[PDB]
RNA sequence: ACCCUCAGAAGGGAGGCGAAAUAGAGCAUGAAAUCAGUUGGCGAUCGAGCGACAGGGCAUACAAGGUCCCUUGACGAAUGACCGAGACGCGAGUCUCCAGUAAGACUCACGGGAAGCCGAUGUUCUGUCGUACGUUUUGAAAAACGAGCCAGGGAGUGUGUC
RNA sequence: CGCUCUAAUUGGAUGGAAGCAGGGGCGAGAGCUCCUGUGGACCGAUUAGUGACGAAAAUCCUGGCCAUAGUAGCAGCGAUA
Ligand SMILES: [Cl-]
Ligand SMILES: [Cl-]
Ligand SMILES: [Cl-]
Ligand SMILES: [Cl-]
Ligand SMILES: [Cl-]
Ligand SMILES: [Cl-]
Ligand SMILES: [Cl-]
Ligand SMILES: [Mg+2]
Ligand SMILES: [Mg+2]
Ligand SMILES: [Mg+2]
Ligand SMILES: [Mg+2]
Ligand SMILES: [Mg+2]
Ligand SMILES: [Mg+2]
Ligand SMILES: [Mg+2]
Ligand SMILES: [Mg+2]
Ligand SMILES: [Mg+2]
Ligand SMILES: [Mg+2]
Ligand SMILES: [Mg+2]
Ligand code: NA
Ligand code: NA
Ligand code: NA
Ligand code: NA
Ligand code: NA
Ligand code: NA
Ligand code: NA
Ligand code: NA
Ligand code: NA
Ligand SMILES: [Sr+2]
Ligand SMILES: [Sr+2]
Ligand SMILES: [Sr+2]
Ligand SMILES: [Sr+2]
Ligand SMILES: [Sr+2]
Ligand SMILES: [Sr+2]
Ligand SMILES: [Sr+2]
Ligand SMILES: [Sr+2]
Ligand SMILES: [Sr+2]
Ligand SMILES: [Sr+2]
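Chains as they are written, first to last, in the entry's author numbering: chain J, 4 to 145; chain R, 1 to 150; chain Y, 95 to 236.
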C-alpha cells in the first residue's frame, strides 16, 4: 500500500543505530520517513555476540509476552521505537509516520544520511541485518 | 414519594405514576430504559412478550452473573422480569386510560419519559447462625410515566 | 421594554499613576488557590485552608507540585489591598445615613443583602445624586 | 366534593381548598453520603495519590467580575547580538571594531479588533513536578498502624495552695 | 479569623430575616461579602464580656447511605411427593 514519504532513507551498508537516531529525530520534527533496503542494513561488532543478544531477546518472554521481531523489517522498526516515546501521543504519531521496508517499493532511490555509512574496505567485523534474521529463523523473503 | 422530574404540557401530554411498589428496583431501571421511545401499544406488546419469555430485557447495569441471551441486540446479558413487567403494564393501562379520557389516541402515544426511583425499603430481618440476625428487606419503588402525542 | 441598572454603573475611580500600576500588578500576578491539602481526595475534607501539620506531609515539606503553603510573601501591595477590580474602595451601606462622608471619586457603595426593596430604592437614588456608584444595583424595566 | 381508571376506602389521572400542597398527614426548612432521569466535557489502542502551576480544545441567559487580542510608537533592569571589517588558530573556533548598539520583562499612548469576548466556572488535552493523609519511627508509598462513604457528636475543666 | 449567650452603642427584615443550592468579588489566610433561586421569620455591626467555642483521623460514638448483588441461602437429614 501507498505511503507518501517526505524522506526515503537507504539503509544499505549503513550503521543501523545511527540511521535510527536520525529517523527518530526527524519523525518528531514532523517528517514522514521510509527506511528502505533494511535487509542490507549494517550493525558493527563480532557476529557471535550480536546474534547471542538477539537470540536472547527471542527466548525472553512469558504469558504477558515480549514480542521480539525476527525479520529485518521489524528489527529496524523496533530499534526506532526505542528512540521514540511511543507511549505518549506525540511519540506514537511520530512512530506511526515511519515505516521500514524490505528492498525498495518506490521508484526513487533513497538518500544516504551523513555519518551513517560504513566503508566495507575498512571493516570486516560487522553483520548484515538479513544475516541476523536467517540465524534467528526467519523465512528469507528478500 | 416522587414528583414528575420533567416538565409536561397538558394539552399534548398524559401522565401516570406507581407508588411504593414492592418489586425489584434493578429490574425497573432495565425495563424503563428499554421501553422509552416506544409507543404505549408497542410497550404493552413488548412487556407481554417478556412475561411469556419470548423477549428478553437487556440487563446493562445490574448484570453480575446473568447469562447471555441471543435475542439481546448490541448487548449480551438479559432476563425476563415478570413481576416488575406486570407492574409496568398497570402503569401503561393507567396512562393509556387517562389519555383516552382526555380525548387522545392512547396506544399510539410515544413514551416521552419513564424512570424508576427507589423510595425506600420495607425492613425485614432474617435469623442467621451463631445467635445473630441480618437484613432481609424489600425495595419500595415509584415510577413516573409521561406519554406524548406523535 | 429592556432591563437597565439604576445609578452610575459605568463610573470609574481616579487613581494615581502608582495605584493603577499596583492594581494592574495584582490582577496580572494573582495568587494560587490556597485550598487545603488533599481536599479533592476526600469529600469530608473541605476546601478551607488549614496548615499542613503532618510530619511527613508533602505540602509541609514543600515538595514541588503539592501546592503552595500560606506565607506573608504572597500578600498583595498595601496601596491596593482590598480594592474592587474597578479600583474603588468599598463602603458597606445599610441605610441612607450611611452614605454620608462617602467620596464618590475614591469610594463606591455596596448595599447589604438584608436591606429590602423599599430602603434600597431610597439608598440608590440618593447615591446617584451624590455621585456614588452602587456596586449591586437594582435592574428595573425601562 | 365530583368524574375517569383499577380487583380496589389502594394507587394513579383530572379536579377542588389555601399566600403556599415542592404546606396533603412522622405534612416548617430540607445539607451531605447516595439513587433515577438528563445536560455539558471525555470515551471501547491504552497506565494508576486522582493534583499544583503553565498553556491549549470544547461548554456558558441575566445578576453579583470587565477586561482581552493585534500593527505601530514611548519607556527600557540584568543581559545582549547577527552581518560586515581587521587580526589570530592545525582545527572546532577566537580576539578587536561595529556596540553596551539592535534587542530586552513590565507599564503606558494612538489606531484597529473581540463580548463565549477577557476573567471566571465545568470538563478534557499538552508541559513541568508528583508513590495520600494522620500516627509510630533513625528511616513510611510502604508488605508498620487507623478509616467503606456522609452528616452530626467527640479531648487543658473546677476548687484550694504556691 | 470564626462560634454561643450577656451588656452598652447602633443598624437590617414580610418592599422578604436565618438557613440551604448554584454563582460573582475581596483577604497570604482563618474568613468576609454580594447575586440568583429556595425559604417565610427572624438577623446583625462595633465595643466590653461569657464559654459545654472550631475535627479527617481515636479498630472513636449515633444515624443515614453506596459498592458488595439481583449474589449466598430458600438442595444435602433413610420422611426425595
Ligand atoms: Cl513471549
Ligand atoms: Cl513513552
Ligand atoms: Cl574490522
Ligand atoms: Cl436495589
Ligand atoms: Cl501581614
Ligand atoms: Cl508595572
Ligand atoms: Cl492547653
Ligand atoms: Mg450466574
Ligand atoms: Mg441461639
Ligand atoms: Mg472534598
Ligand atoms: Mg417537609
Ligand atoms: Mg525500628
Ligand atoms: Mg458601638
Ligand atoms: Mg462540630
Ligand atoms: Mg488531626
Ligand atoms: Mg457504624
Ligand atoms: Mg460474585
Ligand atoms: Mg418417593
Ligand atoms: Na552490537
Ligand atoms: Na520474544
Ligand atoms: Na447478541
Ligand atoms: Na442479537
Ligand atoms: Na480549559
Ligand atoms: Na500509630
Ligand atoms: Na503515612
Ligand atoms: Na514496603
Ligand atoms: Na458495611
Ligand atoms: Sr540527529
Ligand atoms: Sr455491573
Ligand atoms: Sr437577600
Ligand atoms: Sr392535582
Ligand atoms: Sr511505569
Ligand atoms: Sr538601554
Ligand atoms: Sr437537590
Ligand atoms: Sr467541644
Ligand atoms: Sr444494600
Ligand atoms: Sr424439595
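The beta-carbon is built from N, C-alpha and C at its ideal position, and this holds for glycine as well.
On a CA-only basis, which of the options is nearest residue i? Give me that one, please.
i	options	result
residue 45 of chain J	J/142, J/140 and J/132	J/132
residue 121 of chain R	R/132, R/105 and R/138	R/138
residue 28 of chain R	R/119, R/150 and R/148	R/119
residue 25 of chain R	R/106, R/130, R/128 and R/115	R/115
residue 38 of chain J	J/144, J/53, J/126 and J/112	J/112
residue 47 of chain R	R/93, R/67 and R/20	R/93
residue 100 of chain R	R/12, R/23, R/130 and R/4	R/12
residue 157 of chain Y	Y/96, Y/166 and Y/146	Y/146
residue 20 of chain R	R/91, R/136 and R/130	R/91
residue 164 of chain Y	Y/127, Y/95 and Y/225	Y/127
residue 192 of chain Y	Y/174, Y/213, Y/150 and Y/175	Y/213
residue 80 of chain R	R/130, R/104, R/53 and R/103	R/53
May I have the straight-line CA-CA distance separating residue i from residue j, to the nearest angstrom?
i	j	result
residue 56 of chain Y	residue 171 of chain Y	Examination of residue 56 of chain Y is not possible in this model, given that chain Y is present from 95 through 236 alone.
residue 82 of chain R	residue 51 of chain R	5 Å
residue 143 of chain R	residue 117 of chain R	6 Å
residue 10 of chain J	residue 106 of chain J	16 Å
residue 89 of chain R	residue 125 of chain R	31 Å
residue 142 of chain J	residue 8 of chain J	27 Å
residue 49 of chain R	residue 140 of chain R	25 Å
residue 236 of chain Y	residue 201 of chain Y	27 Å
residue 32 of chain R	residue 133 of chain R	34 Å
residue 61 of chain J	residue 138 of chain J	12 Å
residue 70 of chain J	residue 110 of chain J	33 Å
residue 161 of chain Y	residue 125 of chain Y	12 Å
residue 7 of chain R	residue 149 of chain R	15 Å
residue 35 of chain J	residue 100 of chain J	5 Å
residue 56 of chain J	residue 98 of chain J	24 Å
residue 183 of chain Y	residue 210 of chain Y	24 Å
residue 131 of chain Y	residue 229 of chain Y	34 Å
residue 221 of chain Y	residue 97 of chain Y	20 Å
residue 65 of chain J	residue 108 of chain J	36 Å
residue 137 of chain Y	residue 148 of chain Y	19 Å
So, are the CB atoms of residue i and residue j less than 8 Å apart?
i	j	result
residue 60 of chain R	residue 146 of chain R	no
residue 87 of chain R	residue 18 of chain R	yes
residue 84 of chain R	residue 62 of chain R	no
residue 190 of chain Y	residue 203 of chain Y	no
residue 100 of chain Y	residue 234 of chain Y	yes
residue 30 of chain J	residue 87 of chain J	yes
residue 12 of chain J	residue 114 of chain J	yes
residue 107 of chain Y	residue 199 of chain Y	yes
For residue i, which residues from the same chain have a beta carbon less than 6 Å from its beta carbon, with the 5 sequence-adjacent residues on both sides left out?
i	result
residue 133 of chain Y	139 and 141
residue 105 of chain Y	227
residue 129 of chain Y	141
residue 128 of chain R	134
residue 117 of chain Y	174 and 181
Counting only the same chain and skipping the five closest in sequence on each side, list residues whose C-beta sits under 8 Å from that of residue i.
i	result
residue 215 of chain Y	232
residue 73 of chain J	61, 136, 139, 140 and 141
residue 198 of chain R	Not covered by the structure: residue 198 of chain R. The range shown for chain R is 1 to 150.
residue 126 of chain J	47
Using C-beta distances below 7 Å, list every residue in its chain close to residue i, excluding the 5 sequence neighbours before and after it, in chain order.
i	result
residue 41 of chain J	14, 75, 76, 79, 103, 104, 105 and 132
residue 71 of chain R	55 and 56
Across the stretch 16-33 of chain J and the stretch 120-128 of chain J, are there enough close Cβ pairs to call them in contact, namely three or more that are closer than 8 Å? yes
Could you say if the stretch 70-89 of chain R and the stretch 129-145 of chain J meet the contact criterion of at least three C-beta pairs nearer than 8 Å? no
Counting Cβ pairs, one atom from each stretch, are 3 or more of them under 8 Å apart for the stretch 75-89 of chain J and the stretch 18-37 of chain J? yes
Counting Cβ pairs, one atom from each stretch, are 3 or more of them under 8 Å apart for the stretch 107-115 of chain R and the stretch 33-40 of chain R? yes
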